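A.B. asks:
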Amino acid sequence: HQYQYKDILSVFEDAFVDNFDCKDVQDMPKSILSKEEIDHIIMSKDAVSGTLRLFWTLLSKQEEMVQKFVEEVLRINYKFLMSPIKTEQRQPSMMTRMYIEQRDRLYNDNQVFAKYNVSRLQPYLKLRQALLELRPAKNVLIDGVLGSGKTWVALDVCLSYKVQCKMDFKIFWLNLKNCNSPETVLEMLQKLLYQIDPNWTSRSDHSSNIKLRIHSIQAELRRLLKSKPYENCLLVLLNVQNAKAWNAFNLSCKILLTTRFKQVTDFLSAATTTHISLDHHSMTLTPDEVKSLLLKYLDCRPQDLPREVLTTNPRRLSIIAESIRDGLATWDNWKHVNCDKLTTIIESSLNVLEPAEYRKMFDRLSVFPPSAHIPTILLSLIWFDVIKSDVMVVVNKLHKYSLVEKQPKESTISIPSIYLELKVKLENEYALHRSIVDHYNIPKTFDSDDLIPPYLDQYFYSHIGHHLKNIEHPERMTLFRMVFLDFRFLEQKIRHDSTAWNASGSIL
Amino acid sequence: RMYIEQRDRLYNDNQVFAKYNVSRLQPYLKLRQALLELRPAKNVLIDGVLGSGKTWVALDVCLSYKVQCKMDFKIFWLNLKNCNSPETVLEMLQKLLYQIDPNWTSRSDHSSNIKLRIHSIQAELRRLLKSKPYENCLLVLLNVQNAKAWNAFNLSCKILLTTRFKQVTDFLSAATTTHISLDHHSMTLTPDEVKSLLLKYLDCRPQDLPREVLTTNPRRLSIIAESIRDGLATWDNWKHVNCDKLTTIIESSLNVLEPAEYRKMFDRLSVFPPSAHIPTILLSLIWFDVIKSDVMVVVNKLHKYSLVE
Amino acid sequence: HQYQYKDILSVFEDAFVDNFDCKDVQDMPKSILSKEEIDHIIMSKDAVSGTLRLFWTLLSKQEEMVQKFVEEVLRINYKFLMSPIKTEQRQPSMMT
Amino acid sequence: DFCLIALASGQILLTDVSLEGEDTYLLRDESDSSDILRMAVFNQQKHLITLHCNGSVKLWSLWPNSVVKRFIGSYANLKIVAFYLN
Ligand SMILES: Nc1ncnc2c1ncn2[C@H]1C[C@H](O)[C@@H](COP(=O)(O)OP(=O)(O)OP(=O)(O)O)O1
Ligand SMILES: Nc1ncnc2c1ncn2[C@H]1C[C@H](O)[C@@H](COP(=O)(O)OP(=O)(O)OP(=O)(O)O)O1
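Shown next as structure tokens:
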């Protein structure tokens, strides 16, 4: 049986949290902790951070080190802390075995935390806070743009002891990843039924009305769940895809969500639920983290780390990290970036839309130079397959799918992201000239006059020349306004510096 | 008596340890170490290249007393040797059910959804297993062929694996499991061993032992050893080496691949003089049926199948 | 019901014995212990004597002093010892 | 002769342009070192010397941490006094 310190160590923290601080002690036998290690820990601002980052470092090491660490505390003034931890041996508390077992049945999700992840702190920390509290009808969303590792931060907190004890070692996972129409729901619902009890008689009749039928199950469930011990459980729903759907599972308590689509996180309201957003810039992949993550794939010294900063999304970060440990891209090459997986994920991810009504329309969006803003008024020109106010109708109809438009909400639209761009190769055939050319529509009207011209916002000063890229060069060399001193200065007009006599701290 | 009985029901696997094997030490020894420890959710892989006698070292340790007592004389064998698609799984799963208790009512409805159906069985199993005495058991899985599959049987405790395919031993991670590799040079057939194994077939004095060192794989070693006790090859002839069995084993062993997409491609590899290394850049020339980066795509797509690259 | 520190204090010692020594701390707010008091304690040769003579001194005093003493340990580096002793309130262990 | 660092309350690394067509801009936004007495730069640029009113040592890395403890470490106001030895 005999347990192993790194198995058990994670259990008791609070005691270990409160009355002890890492900074108190750097004895630092070098094998057991590197210098950079404890260099990093103390930098945390508080115990709940401080004590925490300790464990995650230790548990990433081979047992000998830990096996020595439980001894090392003895030599420190305080051994009182390590006498309990020595109740590993022949004394897993009759509770604790429940835990130390179950996380394994959680790790038998395998790949997931098997090799790859580096924790996180902020998104973790807010969540445990909330998910510790909620009482038996509530919710916590987790919203993120494609990838952005919600399904993981989902798990990881659900692994941490103090949670697992709060909820009585009952945690049920599902996937709505394919959920549409009544039929499918019945399935991915009916599975949930078996996990709770391995007895269900068909007794409620097989009557061909599918709509009725679930509402019988959903009944039989609702009672059973809140009825007995099983009083505190939580469902978890990964990749909720139907705004209904949801209403499938309403009956329960303590459930938890993950969702791409805007229309879900909008459908819920802060009254009965909380939020965790992973887009909010404070929540996402401290560049120090990317080092650790991008490390575990390449298996090379920090001198071998990439320079120039690639992105923070865990998805698309792995594909890079993976493509190098095996395939091409040299880690220095990458333009191609393993298009297939990147595609095969991004491709189906767009499968939701009305193809001619909509999927035609992204193809247009390749017109735009990346990362900028696009005036909605300008957007009116591109399609002209459907007409008039449909523009704002479109973006909305588009926007509801997660940032596939990416609203700025001032007189414009914003790039959905690198991803839904990054995919491929605009194609679009005839489009280029007339679409790039005719979208020059604005200026040639205004040429030379008094004072300050009616010239369009902050988009034209930047990329108007890009649209020239598809046009006649002499015709641009005329109007490229290298020649024209009037228009030209008005670019850097808006441009100032936050600081000193230079550019930026605000704007170049 | 529980023990001394059961090993017999283990030897009634017959051929296996009936006549042929000579033990081993190293691969044995590491394994008992691990397999003595693991608690009721864990794994031990056993990885080996084709043949290389994993299924045996598998058994042999499971025969040794101190194990057999640790696990309470309950050891259940399966074969996923044919496991694909939901249907088959249901079978090779449903068998396992009977061995545990000879009572199972169909009661969970026969509803035509195959996907649902197992997930009912797999439930009914999961409770029963960890429930009662039967608290410590181990499944054993020989020749896990579907990277799923696995996920068929997850519910249990103490299970154990054998796998050719790279993609399995990669899919698992040292966090929740250990490894035993049989390729690792320290693990494999001390040339002194080959003497003992190659002995029991030929039944002749050590003066009659082969000289020049043939190979360490138990598979393909037997075929030699067998072909001599009966058929041709003189023990001095062997170029032919009983191609059929050698073929019939190796042939189906390649049956996994996309035939025109891939099985065309081995045929190319015969270009190469044996045992060397081949520059991947050089590899680009040979096929030229599919183009450009597909080379590295191929080898990978190939490589995942055990060292077929 | 409510129990009273000098009632309960005598229960747990071993913990209080092992990992703590009086000599470690003379903070000595004078009302709670006289000078001669702690003058005498440290003179003992070992914890099993040392920790012990502590209690017998305390339990000879009125509850206020003790009532302050259970607080005084907090200010000392180690409060970990006094969190259990604060399980007096509404938690006499079903044994105790 | 690549960059030019300038700042007050921003603690930001900026860029220096040398006659020639090409120029460079950069953003940094380091944590606040504010209310230092003076500032300098080291030779290998991987180390950054910093001192405060009451005194302290804070190291930084230009590639995109303070101990007053042990010996001495008295409590008092630090003057402008500082220098480099061999
Ligand atoms: N903490 C993490 N550390 C390292 N890699 C991570 C982390 N979180 C996610 N990843 C990477 C590794 C995972 O293999 C990859 C899988 O994508 P995933 O995180 O599951 O996205 P997601 O499921 O949360 O959103 P989506 O549904 O769009 O995939 O994401
Ligand atoms: N310890 C052993 N001693 C003697 N012969 C052995 C030994 N192990 C394996 N062999 C030989 C004899 C067996 O008849 C022959 C059978 O192949 P086997 O060991 O079952 O391969 P394997 O099943 O472990 O891998 P594979 O699935 O590819 O066959 O291998």
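Residue numbers (our numbering), protein chains in the order written: chain A, 535 to 1042; chain B, 49 to 357; chain C, 930 to 1025; chain D, 42 to 127.
The C-beta atom is built at its ideal place from N, Cα and C for all residues, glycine as well.
1. How long is the line joining the alpha carbons of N872 of chain A and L84 of chain B, rounded to whole angstroms?
2. Taking C-alpha atoms, which residue in A:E717, A:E765 and A:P763 lies nearest to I744 of chain A?
3. List, in order along the chain, the chain A residues whose C-beta lies closer than 7 Å to that of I77 of chain D?
4. Give the DSSP-derived three-state secondary structure of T630 of chain A in the structure shown.
5. So, does the CB of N714 of chain A fall closer than 9 Å to a CB anywhere in chain D?
6. Between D947 of chain C and chain A, is any beta-carbon pair separated by less than 9 Å?
7. Applying a beta-carbon distance threshold of less than 8 Å, which residues of chain A neighbour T224 of chain B?
8. I'd like to know if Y66 of chain D contacts chain A, where contact means its C-beta is closer than 9 Å to some C-beta of that chain.
9. Less than 8 Å between the CB of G861 of chain A and some heavy atom of ligand 1, yes or no?
10. Identify each residue in the region 991-1023 of chain C for which the Cβ-Cβ distance to at least one residue of chain A is less than 7 Å, and report them in chain order.
11. Whose Cβ in chain B lies nearer than 7 Å to the Cβ of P848 of chain A?
12. Taking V188 of chain B as part of the beta strand (DSSP E), name the residues at either end of that continuous run.
13. Are the region 1012-1030 of chain A and the region 987-1003 of chain A in contact at 8 Å, needing three or more beta carbon pairs?
14. Would you say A223 of chain B touches ligand 1, meaning its beta carbon is less than 8 Å from a heavy atom?
15. For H809 of chain A, I'd like the list of residues in its chain whose CB is within less than 6 Å of its CB, leaving aside the five on either flank, ordered along the chain.
16. For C699 of chain A, which of helix, strand or coil comes out of DSSP?
17. Is there at least one non-hydrogen atom of ligand 2 closer than 8 Å to the beta-carbon of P239 of chain B?
18. Taking the continuous beta strand (DSSP E) assigned at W125 of chain B, which residues delimit it?
19. Which value, in whole angstroms, describes the spacing of the CA atoms of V137 of chain B and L247 of chain B?
20. Quick one, which of D:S72, D:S59 and D:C44 has its alpha-carbon nearest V82 of chain D's?
21. Would you tell me roughly how many angstroms separate the C-alpha atoms of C834 of chain A and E856 of chain A, rounded to the nearest one?
22. For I53 of chain D, return the contacting residues in chain A, with the cut-off set at a CB-CB distance below 8 Å.
23. So, helix, strand or coil for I77 of chain D, using DSSP?
24. Using DSSP with H/G/I as helix, E/B as strand and the rest coil, what is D95 of chain B?
25. Cβ-heavy atom distance between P950 of chain A and ligand 1 below 8 Å?
26. Taking the alpha helix (DSSP H) that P821 of chain A belongs to, which residues open and close that run?
27. DSSP state of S583 of chain A, grouped into three classes?
28. Looking at the structure shown, is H907 of chain A part of a helix, part of a strand, or coil, going by DSSP?
29. Here's a check: name, in chain order, each residue in its chain whose Cβ is nearer than 6 Å to the Cβ of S168 of chain B, leaving out the five neighbours to either side.
30. Between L48 of chain D and chain A, is any beta-carbon pair separated by less than 9 Å?
31. Could you compute how far the alpha carbon of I949 of chain A sits from the alpha carbon of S905 of chain A?
32. Does DSSP put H740 of chain A in a helix, a strand or coil?
33. Starting from the N-terminal side, write out each stretch of the alpha helix (DSSP H) that is 4 residues or longer and does not extend beyond the region 890-968 of chain A.
34. What residues in its chain sit with their C-beta under 8 Å from that of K87 of chain D, if we drop five residues either side in the sequence?
35. Going by the C-beta, is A688 of chain A closer than 8 Å to any heavy atom of ligand 1?
36. For a cutoff of 9 Å on Cβ pairs, would you count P732 of chain A as touching chain B?
C.D. replies: Here's the rundown:
1. The straight-line gap separating the alpha-carbon atoms of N872 of chain A and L84 of chain B is approximately 43 Å.
2. The shortest Cα separation from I744 of chain A among A:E717, A:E765 and A:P763 belongs to A:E717.
3. Within chain A, no C-beta atom comes less than 7 Å from the C-beta of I77 of chain D; the nearest is roughly 17 Å away.
4. The answer is helix: DSSP assigns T630 of chain A an H, G or I state.
5. Contact of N714 of chain A with chain D is not assigned, every C-beta pair being separated by 9 Å or more.
6. Cβ-Cβ to chain A under 9 Å: yes for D947 of chain C.
7. Proximity of chain A to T224 of chain B at the Cβ level (cut-off 8 Å) is accounted for by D638, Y641, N642, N644 and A648, in chain order.
8. Answer yes: the Cβ-Cβ gap between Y66 of chain D and chain A drops below 9 Å somewhere.
9. No, the Cβ of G861 of chain A stays beyond 8 Å of every heavy atom of ligand 1.
10. Listed in sequence order: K1008 and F1009.
11. Listed along chain B is no residue with a C-beta nearer than 7 Å to that of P848 of chain A; the closest approach is about 17 Å.
12. Unbroken beta strand (DSSP E) run through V188 of chain B: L186 to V188.
13. The region 1012-1030 of chain A, when compared against the region 987-1003 of chain A, does touch it at the 8 Å Cβ threshold.
14. Taken from the Cβ of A223 of chain B, every heavy atom of ligand 1 lies 8 Å or farther away.
15. Taking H809 of chain A as the centre and dropping the five residues before and after it, the same chain places the C-beta of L675 closer than 6 Å to its C-beta, in chain order.
16. Note: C699 of chain A maps to helix in three-state DSSP.
17. For ligand 2, not one heavy atom lies less than 8 Å from the Cβ of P239 of chain B.
18. Looking at the DSSP string, the run of the beta strand (DSSP E) that includes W125 of chain B is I123 to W125.
19. In a straight line, the C-alpha of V137 of chain B is about 40 Å away from that of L247 of chain B.
20. Measuring from the Cα of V82 of chain D, the nearest candidate turns out to be D:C44.
21. Rounded to whole angstroms, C834 of chain A to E856 of chain A spans 13 Å at the Cα level.
22. The answer, in chain order, is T1033 and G1039.
23. Correct three-state label for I77 of chain D: strand.
24. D95 of chain B falls in the strand class under three-state DSSP.
25. False, no ligand heavy atom lies under 8 Å from that Cβ.
26. Unbroken alpha helix (DSSP H) run through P821 of chain A: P821 to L832.
27. Three-state result, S583 of chain A: helix.
28. If DSSP states are grouped into helix, strand and coil, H907 of chain A belongs with the strands.
29. So the qualifying residues of the chain are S156.
30. Interface residue, yes.
31. Taking the CA atoms as reference points, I949 of chain A sits about 6 Å from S905 of chain A.
32. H740 of chain A falls in the coil class under three-state DSSP.
33. Within the region 890-968 of chain A, the complete alpha helix (DSSP H) segments at least 4 residues long are 894-899, 910-916, 924-933 and 953-956, listed from N- to C-terminus.
34. If we look at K87 of chain D and ignore the five residues flanking it on each side, its Cβ neighbours are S102, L103 and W104.
35. At least one heavy atom of ligand 1 sits closer than 8 Å to the Cβ of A688 of chain A.
36. At a cut-off of 9 Å, the C-beta of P732 of chain A has a neighbouring C-beta in chain B.
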